[PDB]
$ cat run-v1.cif   # mmCIF, N, CA and C atoms and all ligand atoms
data_final
#
loop_
_atom_site.label_atom_id
_atom_site.label_comp_id
_atom_site.auth_asym_id
_atom_site.auth_seq_id
_atom_site.Cartn_x
_atom_site.Cartn_y
_atom_site.Cartn_z
N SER A 979 0.85 -1.21 0.00
CA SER A 979 0.00 0.00 0.00
C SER A 979 0.88 1.26 0.00
N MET A 980 0.27 2.42 -0.21
CA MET A 980 0.94 3.74 -0.16
C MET A 980 1.42 4.01 1.27
N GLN A 981 0.61 3.66 2.27
CA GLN A 981 0.94 3.84 3.69
C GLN A 981 2.17 2.98 4.00
N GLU A 982 2.24 1.76 3.47
CA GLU A 982 3.41 0.87 3.70
C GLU A 982 4.65 1.49 3.04
N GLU A 983 4.54 2.02 1.82
CA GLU A 983 5.71 2.67 1.16
C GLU A 983 6.17 3.91 1.98
N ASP A 984 5.27 4.72 2.54
CA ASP A 984 5.59 5.84 3.46
C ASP A 984 6.34 5.33 4.73
N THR A 985 5.97 4.18 5.30
CA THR A 985 6.67 3.57 6.45
C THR A 985 8.14 3.31 6.04
N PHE A 986 8.35 2.61 4.93
CA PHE A 986 9.72 2.26 4.51
C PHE A 986 10.55 3.52 4.17
N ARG A 987 9.93 4.55 3.58
CA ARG A 987 10.61 5.85 3.29
C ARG A 987 11.10 6.47 4.62
N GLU A 988 10.26 6.47 5.66
CA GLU A 988 10.64 7.01 7.01
C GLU A 988 11.82 6.18 7.59
N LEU A 989 11.77 4.86 7.43
CA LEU A 989 12.88 3.99 7.88
C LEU A 989 14.19 4.41 7.17
N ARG A 990 14.20 4.62 5.85
CA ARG A 990 15.42 5.02 5.09
C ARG A 990 15.94 6.38 5.57
N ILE A 991 15.07 7.36 5.79
CA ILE A 991 15.47 8.69 6.31
C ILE A 991 16.17 8.55 7.68
N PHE A 992 15.60 7.79 8.58
CA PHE A 992 16.18 7.49 9.93
C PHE A 992 17.54 6.82 9.79
N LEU A 993 17.67 5.78 8.95
CA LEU A 993 18.96 5.04 8.78
C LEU A 993 20.04 5.91 8.16
N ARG A 994 19.73 6.74 7.18
CA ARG A 994 20.72 7.65 6.57
C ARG A 994 21.26 8.63 7.61
N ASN A 995 20.39 9.15 8.45
CA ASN A 995 20.79 10.13 9.50
C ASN A 995 21.72 9.47 10.53
N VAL A 996 21.39 8.29 11.03
CA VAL A 996 22.27 7.52 11.93
C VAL A 996 23.64 7.28 11.28
N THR A 997 23.65 6.77 10.04
CA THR A 997 24.89 6.35 9.32
C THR A 997 25.79 7.57 9.06
N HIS A 998 25.24 8.70 8.61
CA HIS A 998 26.04 9.92 8.33
C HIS A 998 26.65 10.44 9.64
N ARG A 999 25.93 10.34 10.76
CA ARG A 999 26.45 10.80 12.07
C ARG A 999 27.65 9.93 12.50
N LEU A 1000 27.57 8.61 12.35
CA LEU A 1000 28.72 7.70 12.62
C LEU A 1000 29.87 8.11 11.68
N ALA A 1001 29.60 8.35 10.41
CA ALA A 1001 30.63 8.57 9.38
C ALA A 1001 31.40 9.90 9.59
N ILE A 1002 30.86 10.90 10.28
CA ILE A 1002 31.64 12.15 10.52
C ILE A 1002 32.44 12.08 11.83
N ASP A 1003 32.30 11.07 12.68
CA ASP A 1003 33.07 10.97 13.94
C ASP A 1003 34.51 10.57 13.57
N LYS A 1004 35.52 11.33 14.03
CA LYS A 1004 36.95 11.09 13.68
C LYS A 1004 37.41 9.68 14.08
N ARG A 1005 36.85 9.09 15.12
CA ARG A 1005 37.22 7.74 15.60
C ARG A 1005 36.93 6.68 14.52
N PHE A 1006 35.92 6.93 13.69
CA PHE A 1006 35.37 5.90 12.77
C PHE A 1006 35.79 6.08 11.32
N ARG A 1007 36.75 6.98 11.06
CA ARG A 1007 37.21 7.28 9.68
C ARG A 1007 37.70 6.01 8.98
N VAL A 1008 38.37 5.10 9.69
CA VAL A 1008 38.87 3.83 9.10
C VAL A 1008 37.72 2.94 8.57
N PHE A 1009 36.49 3.13 9.05
CA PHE A 1009 35.31 2.30 8.61
C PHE A 1009 34.49 3.00 7.51
N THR A 1010 34.89 4.16 6.99
CA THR A 1010 34.04 4.97 6.09
C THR A 1010 34.15 4.51 4.62
N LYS A 1011 35.19 3.78 4.23
CA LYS A 1011 35.39 3.35 2.82
C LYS A 1011 35.90 1.91 2.80
N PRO A 1012 35.71 1.20 1.67
CA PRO A 1012 36.18 -0.18 1.58
C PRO A 1012 37.72 -0.22 1.71
N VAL A 1013 38.27 -1.34 2.15
CA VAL A 1013 39.74 -1.59 2.18
C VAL A 1013 40.25 -1.67 0.73
N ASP A 1014 41.29 -0.91 0.42
CA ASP A 1014 41.90 -0.83 -0.94
C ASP A 1014 42.65 -2.14 -1.20
N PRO A 1015 42.20 -2.99 -2.16
CA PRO A 1015 42.85 -4.29 -2.39
C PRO A 1015 44.31 -4.17 -2.83
N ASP A 1016 44.69 -3.04 -3.43
CA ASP A 1016 46.11 -2.69 -3.70
C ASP A 1016 46.87 -2.67 -2.37
N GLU A 1017 46.70 -1.63 -1.57
CA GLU A 1017 47.42 -1.50 -0.28
C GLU A 1017 47.34 -2.80 0.52
N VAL A 1018 46.22 -3.54 0.48
CA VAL A 1018 45.99 -4.72 1.36
C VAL A 1018 45.45 -5.90 0.54
N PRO A 1019 46.30 -6.64 -0.21
CA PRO A 1019 45.82 -7.68 -1.13
C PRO A 1019 45.33 -8.91 -0.36
N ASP A 1020 45.86 -9.05 0.83
CA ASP A 1020 45.53 -10.12 1.79
C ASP A 1020 44.08 -10.00 2.34
N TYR A 1021 43.49 -8.79 2.33
CA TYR A 1021 42.25 -8.53 3.14
C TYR A 1021 41.14 -9.49 2.68
N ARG A 1022 40.91 -9.51 1.36
CA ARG A 1022 39.78 -10.25 0.72
C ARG A 1022 40.02 -11.76 0.74
N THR A 1023 41.21 -12.25 1.08
CA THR A 1023 41.40 -13.70 1.26
C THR A 1023 41.03 -14.09 2.70
N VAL A 1024 41.11 -13.17 3.67
CA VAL A 1024 40.73 -13.47 5.08
C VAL A 1024 39.23 -13.15 5.30
N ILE A 1025 38.84 -11.97 4.86
CA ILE A 1025 37.48 -11.43 5.13
C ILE A 1025 36.58 -11.74 3.90
N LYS A 1026 35.63 -12.60 4.11
CA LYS A 1026 34.71 -13.14 3.05
C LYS A 1026 33.56 -12.18 2.73
N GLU A 1027 33.12 -11.31 3.65
CA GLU A 1027 32.05 -10.32 3.32
C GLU A 1027 32.47 -8.94 3.87
N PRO A 1028 33.28 -8.19 3.12
CA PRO A 1028 33.73 -6.85 3.53
C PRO A 1028 32.53 -5.91 3.68
N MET A 1029 32.62 -4.93 4.59
CA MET A 1029 31.46 -4.00 4.77
C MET A 1029 32.02 -2.70 5.33
N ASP A 1030 31.47 -1.57 4.89
CA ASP A 1030 31.92 -0.24 5.38
C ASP A 1030 30.73 0.71 5.34
N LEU A 1031 30.88 1.90 5.93
CA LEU A 1031 29.74 2.85 6.04
C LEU A 1031 29.28 3.43 4.68
N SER A 1032 30.19 3.60 3.71
CA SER A 1032 29.84 4.01 2.32
C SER A 1032 28.94 2.94 1.67
N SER A 1033 29.27 1.67 1.85
CA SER A 1033 28.46 0.54 1.33
C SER A 1033 27.08 0.54 2.01
N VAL A 1034 27.05 0.80 3.32
CA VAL A 1034 25.74 0.84 4.04
C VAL A 1034 24.83 1.90 3.42
N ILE A 1035 25.33 3.11 3.15
CA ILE A 1035 24.49 4.19 2.55
C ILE A 1035 24.01 3.75 1.15
N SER A 1036 24.89 3.16 0.33
CA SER A 1036 24.46 2.57 -0.97
C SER A 1036 23.32 1.57 -0.76
N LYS A 1037 23.42 0.68 0.22
CA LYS A 1037 22.37 -0.35 0.46
C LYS A 1037 21.03 0.27 0.92
N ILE A 1038 21.09 1.34 1.69
CA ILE A 1038 19.83 2.03 2.09
C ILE A 1038 19.12 2.51 0.83
N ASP A 1039 19.83 3.20 -0.05
CA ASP A 1039 19.35 3.79 -1.32
C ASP A 1039 18.83 2.72 -2.30
N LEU A 1040 19.34 1.49 -2.22
CA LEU A 1040 18.87 0.35 -3.08
C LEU A 1040 17.69 -0.34 -2.41
N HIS A 1041 17.18 0.15 -1.26
CA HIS A 1041 16.06 -0.49 -0.54
C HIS A 1041 16.40 -1.90 -0.08
N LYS A 1042 17.61 -2.14 0.41
CA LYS A 1042 18.00 -3.46 0.93
C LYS A 1042 17.57 -3.66 2.38
N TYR A 1043 17.32 -2.60 3.17
CA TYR A 1043 16.96 -2.77 4.59
C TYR A 1043 15.46 -2.44 4.77
N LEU A 1044 14.67 -3.41 5.21
CA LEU A 1044 13.22 -3.22 5.51
C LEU A 1044 12.98 -3.16 7.02
N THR A 1045 14.00 -3.44 7.84
CA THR A 1045 13.90 -3.35 9.31
C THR A 1045 15.21 -2.77 9.89
N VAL A 1046 15.15 -2.24 11.09
CA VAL A 1046 16.40 -1.79 11.79
C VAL A 1046 17.25 -3.02 12.11
N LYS A 1047 16.64 -4.16 12.44
CA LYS A 1047 17.39 -5.43 12.66
C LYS A 1047 18.33 -5.78 11.48
N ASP A 1048 17.88 -5.67 10.24
CA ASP A 1048 18.74 -6.02 9.08
C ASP A 1048 19.85 -4.95 8.93
N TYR A 1049 19.59 -3.68 9.26
CA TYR A 1049 20.66 -2.66 9.26
C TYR A 1049 21.73 -2.99 10.33
N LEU A 1050 21.31 -3.34 11.53
CA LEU A 1050 22.25 -3.63 12.66
C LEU A 1050 23.07 -4.89 12.34
N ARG A 1051 22.59 -5.80 11.52
CA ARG A 1051 23.40 -6.99 11.12
C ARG A 1051 24.62 -6.53 10.30
N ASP A 1052 24.49 -5.50 9.48
CA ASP A 1052 25.64 -4.91 8.72
C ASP A 1052 26.59 -4.10 9.66
N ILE A 1053 26.08 -3.30 10.60
CA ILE A 1053 26.95 -2.63 11.64
C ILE A 1053 27.75 -3.71 12.39
N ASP A 1054 27.10 -4.80 12.84
CA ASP A 1054 27.75 -5.95 13.51
C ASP A 1054 28.83 -6.59 12.63
N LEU A 1055 28.66 -6.63 11.31
CA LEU A 1055 29.63 -7.24 10.36
C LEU A 1055 30.85 -6.30 10.21
N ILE A 1056 30.66 -4.98 10.19
CA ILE A 1056 31.80 -4.03 10.17
C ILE A 1056 32.65 -4.33 11.41
N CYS A 1057 32.02 -4.43 12.57
CA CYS A 1057 32.73 -4.66 13.86
C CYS A 1057 33.40 -6.05 13.88
N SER A 1058 32.66 -7.11 13.56
CA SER A 1058 33.26 -8.48 13.59
C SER A 1058 34.41 -8.63 12.58
N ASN A 1059 34.35 -8.08 11.38
CA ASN A 1059 35.43 -8.09 10.37
C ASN A 1059 36.71 -7.44 10.98
N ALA A 1060 36.61 -6.27 11.63
CA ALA A 1060 37.78 -5.60 12.26
C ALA A 1060 38.37 -6.48 13.37
N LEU A 1061 37.56 -7.12 14.20
CA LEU A 1061 38.04 -7.96 15.33
C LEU A 1061 38.77 -9.20 14.78
N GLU A 1062 38.28 -9.75 13.67
CA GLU A 1062 38.82 -11.01 13.08
C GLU A 1062 40.12 -10.70 12.32
N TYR A 1063 40.19 -9.60 11.57
CA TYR A 1063 41.37 -9.26 10.78
C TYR A 1063 42.51 -8.71 11.69
N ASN A 1064 42.21 -8.17 12.87
CA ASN A 1064 43.25 -7.42 13.69
C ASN A 1064 43.29 -7.98 15.09
N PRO A 1065 43.60 -9.29 15.31
CA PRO A 1065 43.39 -9.91 16.61
C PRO A 1065 44.60 -9.87 17.59
N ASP A 1066 45.68 -9.25 17.21
CA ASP A 1066 47.00 -9.35 17.93
C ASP A 1066 47.11 -8.36 19.10
N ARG A 1067 48.14 -8.52 19.96
CA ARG A 1067 48.31 -7.66 21.18
C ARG A 1067 48.90 -6.30 20.81
N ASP A 1068 49.40 -6.11 19.62
CA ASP A 1068 50.13 -4.85 19.36
C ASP A 1068 49.17 -3.65 19.32
N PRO A 1069 49.71 -2.45 19.58
CA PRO A 1069 48.88 -1.25 19.74
C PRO A 1069 48.01 -0.93 18.51
N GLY A 1070 48.53 -1.06 17.29
CA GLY A 1070 47.74 -0.83 16.06
C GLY A 1070 46.46 -1.66 16.04
N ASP A 1071 46.59 -2.96 16.30
CA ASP A 1071 45.46 -3.92 16.44
C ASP A 1071 44.53 -3.47 17.56
N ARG A 1072 45.09 -3.21 18.74
CA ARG A 1072 44.25 -2.88 19.93
C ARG A 1072 43.43 -1.58 19.64
N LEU A 1073 44.01 -0.62 18.94
CA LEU A 1073 43.35 0.68 18.67
C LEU A 1073 42.14 0.43 17.71
N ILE A 1074 42.32 -0.35 16.64
CA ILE A 1074 41.21 -0.59 15.66
C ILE A 1074 40.11 -1.44 16.33
N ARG A 1075 40.46 -2.38 17.21
CA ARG A 1075 39.45 -3.19 17.94
C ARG A 1075 38.64 -2.26 18.85
N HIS A 1076 39.32 -1.37 19.58
CA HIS A 1076 38.62 -0.43 20.47
C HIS A 1076 37.62 0.46 19.66
N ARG A 1077 38.06 0.96 18.53
CA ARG A 1077 37.25 1.80 17.62
C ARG A 1077 36.06 1.01 17.07
N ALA A 1078 36.26 -0.26 16.74
CA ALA A 1078 35.22 -1.15 16.15
C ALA A 1078 34.14 -1.37 17.20
N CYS A 1079 34.53 -1.64 18.45
CA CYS A 1079 33.61 -1.84 19.57
C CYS A 1079 32.86 -0.52 19.85
N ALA A 1080 33.53 0.59 19.75
CA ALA A 1080 32.89 1.92 19.96
C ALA A 1080 31.84 2.20 18.86
N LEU A 1081 32.16 1.88 17.62
CA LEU A 1081 31.21 2.06 16.47
C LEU A 1081 29.93 1.28 16.76
N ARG A 1082 30.04 0.01 17.10
CA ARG A 1082 28.89 -0.86 17.41
C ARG A 1082 28.08 -0.37 18.61
N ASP A 1083 28.73 -0.04 19.73
CA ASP A 1083 28.04 0.50 20.92
C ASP A 1083 27.35 1.86 20.64
N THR A 1084 27.96 2.74 19.86
CA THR A 1084 27.40 4.05 19.50
C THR A 1084 26.13 3.84 18.63
N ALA A 1085 26.17 2.99 17.62
CA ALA A 1085 24.99 2.71 16.75
C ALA A 1085 23.83 2.16 17.61
N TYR A 1086 24.09 1.15 18.44
CA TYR A 1086 23.06 0.60 19.36
C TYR A 1086 22.51 1.67 20.30
N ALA A 1087 23.33 2.55 20.86
CA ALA A 1087 22.85 3.59 21.82
C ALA A 1087 21.97 4.65 21.12
N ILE A 1088 22.31 5.07 19.92
CA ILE A 1088 21.48 6.06 19.14
C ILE A 1088 20.13 5.41 18.87
N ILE A 1089 20.10 4.17 18.40
CA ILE A 1089 18.86 3.44 18.08
C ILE A 1089 18.04 3.23 19.37
N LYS A 1090 18.68 2.87 20.46
CA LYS A 1090 17.90 2.72 21.72
C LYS A 1090 17.18 4.02 22.13
N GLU A 1091 17.81 5.17 21.92
CA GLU A 1091 17.31 6.48 22.40
C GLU A 1091 16.39 7.15 21.37
N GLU A 1092 16.49 6.78 20.08
CA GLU A 1092 15.75 7.51 19.01
C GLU A 1092 14.74 6.74 18.16
N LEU A 1093 14.71 5.42 18.25
CA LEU A 1093 13.71 4.59 17.53
C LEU A 1093 12.58 4.22 18.50
N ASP A 1094 11.32 4.46 18.14
CA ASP A 1094 10.18 3.95 18.94
C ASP A 1094 10.04 2.46 18.63
N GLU A 1095 9.81 1.67 19.70
CA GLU A 1095 9.64 0.19 19.68
C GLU A 1095 8.50 -0.19 18.72
N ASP A 1096 7.48 0.67 18.61
CA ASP A 1096 6.26 0.39 17.79
C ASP A 1096 6.54 0.63 16.29
N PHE A 1097 7.43 1.57 15.91
CA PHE A 1097 7.81 1.80 14.50
C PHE A 1097 8.57 0.55 14.03
N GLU A 1098 9.54 0.07 14.78
CA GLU A 1098 10.28 -1.15 14.36
C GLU A 1098 9.32 -2.35 14.26
N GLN A 1099 8.39 -2.54 15.21
CA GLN A 1099 7.41 -3.68 15.15
C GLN A 1099 6.57 -3.58 13.88
N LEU A 1100 6.12 -2.37 13.47
CA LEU A 1100 5.39 -2.16 12.20
C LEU A 1100 6.23 -2.57 10.98
N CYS A 1101 7.52 -2.17 10.92
CA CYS A 1101 8.41 -2.57 9.78
C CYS A 1101 8.50 -4.11 9.73
N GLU A 1102 8.66 -4.77 10.87
CA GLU A 1102 8.85 -6.24 10.91
C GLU A 1102 7.55 -6.93 10.41
N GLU A 1103 6.36 -6.40 10.74
CA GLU A 1103 5.03 -6.97 10.35
C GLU A 1103 4.78 -6.77 8.86
N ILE A 1104 5.13 -5.62 8.25
CA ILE A 1104 5.01 -5.42 6.80
C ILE A 1104 6.00 -6.41 6.13
N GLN A 1105 7.25 -6.49 6.59
CA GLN A 1105 8.31 -7.40 6.01
C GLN A 1105 7.80 -8.87 5.97
N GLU A 1106 7.29 -9.36 7.11
CA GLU A 1106 6.79 -10.75 7.28
C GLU A 1106 5.54 -11.01 6.42
N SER A 1107 4.78 -9.96 6.09
CA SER A 1107 3.60 -10.03 5.19
C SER A 1107 4.00 -10.13 3.71
N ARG A 1108 5.25 -9.88 3.32
CA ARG A 1108 5.67 -9.91 1.89
C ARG A 1108 6.17 -11.32 1.56
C1 LIG B 1201 47.12 1.37 5.63
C2 LIG B 1201 47.04 1.09 7.12
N1 LIG B 1201 46.11 0.03 7.49
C3 LIG B 1201 45.77 0.02 8.92
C4 LIG B 1201 44.41 -0.67 9.01
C5 LIG B 1201 44.45 -2.10 9.60
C6 LIG B 1201 43.65 -2.92 8.57
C7 LIG B 1201 42.16 -2.69 8.55
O1 LIG B 1201 41.18 -3.46 9.06
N2 LIG B 1201 39.93 -2.82 8.79
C8 LIG B 1201 40.18 -1.73 8.13
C9 LIG B 1201 39.11 -0.80 7.66
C10 LIG B 1201 41.58 -1.60 7.96
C11 LIG B 1201 42.43 -0.55 7.29
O2 LIG B 1201 42.14 0.73 7.81
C12 LIG B 1201 43.93 -0.86 7.54
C13 LIG B 1201 44.87 0.01 6.70
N3 LIG B 1201 44.18 -2.30 7.34
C14 LIG B 1201 43.79 -2.98 6.10
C1 LIG B 1202 8.19 7.05 24.47
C2 LIG B 1202 7.75 8.12 23.48
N1 LIG B 1202 8.74 8.47 22.47
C3 LIG B 1202 8.60 9.83 21.93
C4 LIG B 1202 9.94 10.14 21.27
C5 LIG B 1202 9.94 10.02 19.73
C6 LIG B 1202 11.19 9.18 19.46
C7 LIG B 1202 12.50 9.88 19.73
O1 LIG B 1202 13.34 10.44 18.82
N2 LIG B 1202 14.45 10.98 19.55
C8 LIG B 1202 14.26 10.75 20.82
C9 LIG B 1202 15.23 11.19 21.86
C10 LIG B 1202 13.03 10.06 20.98
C11 LIG B 1202 12.32 9.53 22.20
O2 LIG B 1202 12.15 10.49 23.24
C12 LIG B 1202 10.91 9.02 21.76
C13 LIG B 1202 10.14 8.31 22.88
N3 LIG B 1202 11.01 8.20 20.54
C14 LIG B 1202 11.87 7.01 20.47
#
$ encode --input "run-v1.cif" --output "structure tokens"
Amino acid sequence: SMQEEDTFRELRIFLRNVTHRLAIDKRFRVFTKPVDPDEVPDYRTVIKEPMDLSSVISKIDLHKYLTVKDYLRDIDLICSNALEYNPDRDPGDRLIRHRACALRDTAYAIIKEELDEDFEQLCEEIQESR
């Protein structure tokens, strides 16, 4: 219905605003673009599903997310990819792990404080009806 298309349009506006706010924080600059396969040819042999904040904005615009749950699965993949690729005790590794955990906690805290529980339940019921 037209009312259902208006629901999904409101969801995309909300997700773009969350994602752009994460993308301007100086801590998260390393997550804003894909890993350059030149500089890091090894990356794509270890990490099977690369993900970054530029890719997330492209996916919103292609209508790939019908719920906040499916968006948070991509935020979780940005974080898990950084933890898996950089697991060592050295400071470079420890700094990117700390930043990855901060990105995930920041996204969850914005959504907890700014999404109504009933808007997300409506998106999940339209999704399950398709
Ligand atoms: C050129 C200096 N490198 C330091 C970082 C460690 C590792 C990494 O893991 N996730 C991302 C994103 C990145 C890149 O920022 C990075 C580039 N590497 C491929
Ligand atoms: C319980 C009634 N809700 C009204 C508000 C609308 C929306 C929202 O957007 N930013 C913030 C902050 C808030 C919350 O205060 C709120 C709680 N919602 C999640």
$ closest_residue --input "run-v1.cif" --among "A:979, A:1058, A:985, A:997" --to "residue 1096 in chain A" --atoms "only C-alpha atoms"
A:985
$ residues_around --input "run-v1.cif" --residues "range 1043-1051 of chain A" --least-positions-apart "4" --cutoff "6.5 Å" --atoms "all atoms listed in the file" --output "PyMOL selection string"
chain A and resi 1037-1038+1055-1056+1098+1101-1102+1105
$ residues_near_ligand --input "run-v1.cif" --ligand "ligand LIG 1202 (chain B)" --cutoff "7 Å" --atoms "only N, CA and C atoms and all ligand atoms" --output "PyMOL selection string"
chain A and resi 1090-1095
$ select_by_dssp --input "run-v1.cif" --residues "range 1006-1048 of chain A" --states "alpha helix (DSSP H)" --output "count of residues only"
16
$ closest_atom_pairs --input "run-v1.cif" --of "chain A" --to "ligand LIG 1201 (chain B)" --cutoff "10 Å" --atoms "only C-alpha atoms and all ligand atoms" --output "Markdown table"
| residue | atom | partner | partner_atom | distance |
| --- | --- | --- | --- | --- |
| A:1006 | CA | B:LIG1201 | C9 | 9.2 |
| A:1007 | CA | B:LIG1201 | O2 | 8.4 |
| A:1008 | CA | B:LIG1201 | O2 | 4.7 |
| A:1009 | CA | B:LIG1201 | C9 | 5.0 |
| A:1010 | CA | B:LIG1201 | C9 | 7.8 |
| A:1011 | CA | B:LIG1201 | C9 | 7.4 |
| A:1012 | CA | B:LIG1201 | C9 | 6.8 |
| A:1013 | CA | B:LIG1201 | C9 | 5.6 |
| A:1014 | CA | B:LIG1201 | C14 | 7.6 |
| A:1015 | CA | B:LIG1201 | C14 | 8.6 |
| A:1017 | CA | B:LIG1201 | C1 | 6.6 |
| A:1018 | CA | B:LIG1201 | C14 | 5.5 |
| A:1019 | CA | B:LIG1201 | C14 | 8.9 |
| A:1020 | CA | B:LIG1201 | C14 | 8.5 |
| A:1021 | CA | B:LIG1201 | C14 | 6.5 |
| A:1022 | CA | B:LIG1201 | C14 | 9.9 |
| A:1025 | CA | B:LIG1201 | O1 | 9.6 |
| A:1028 | CA | B:LIG1201 | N2 | 9.1 |
| A:1029 | CA | B:LIG1201 | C9 | 8.8 |
| A:1030 | CA | B:LIG1201 | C9 | 7.6 |
| A:1056 | CA | B:LIG1201 | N2 | 8.3 |
| A:1057 | CA | B:LIG1201 | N2 | 9.0 |
| A:1058 | CA | B:LIG1201 | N2 | 10.0 |
| A:1059 | CA | B:LIG1201 | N2 | 7.1 |
| A:1060 | CA | B:LIG1201 | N2 | 4.9 |
| A:1061 | CA | B:LIG1201 | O1 | 8.3 |
| A:1062 | CA | B:LIG1201 | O1 | 8.9 |
| A:1063 | CA | B:LIG1201 | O1 | 6.1 |
| A:1064 | CA | B:LIG1201 | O1 | 6.4 |
| A:1070 | CA | B:LIG1201 | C5 | 7.4 |
| A:1071 | CA | B:LIG1201 | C5 | 7.1 |
| A:1073 | CA | B:LIG1201 | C5 | 9.6 |
| A:1074 | CA | B:LIG1201 | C5 | 7.0 |
| A:1075 | CA | B:LIG1201 | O1 | 9.1 |
| A:1078 | CA | B:LIG1201 | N2 | 8.9 |
$ atom_distance --input "run-v1.cif" --atom1 "atom N of residue 1036 in chain A" --atom2 "CA of residue 1106 in chain A"
23.9 Å
$ atom_distance --input "run-v1.cif" --atom1 "CA of residue 986 in chain A" --atom2 "atom C of residue 1034 in chain A"
15.2 Å
$ atom_distance --input "run-v1.cif" --atom1 "CA of residue 989 in chain A" --atom2 "CA of residue 1077 in chain A"
26.3 Å
$ closest_residue --input "run-v1.cif" --among "A:1040, A:1000, A:1104, A:991" --to "residue 1084 in chain A" --atoms "all atoms listed in the file"
A:1000
$ closest_residue --input "run-v1.cif" --among "A:998, A:1005, A:1026, A:987" --to "residue 1076 in chain A" --atoms "only C-alpha atoms"
A:1005
$ residues_around --input "run-v1.cif" --residues "residue 1082 in chain A" --least-positions-apart "3" --cutoff "7 Å" --atoms "only C-alpha atoms" --output "list in words"
residues 1053, 1054, 1057, 1078, 1079, 1085 and 1086 of chain A
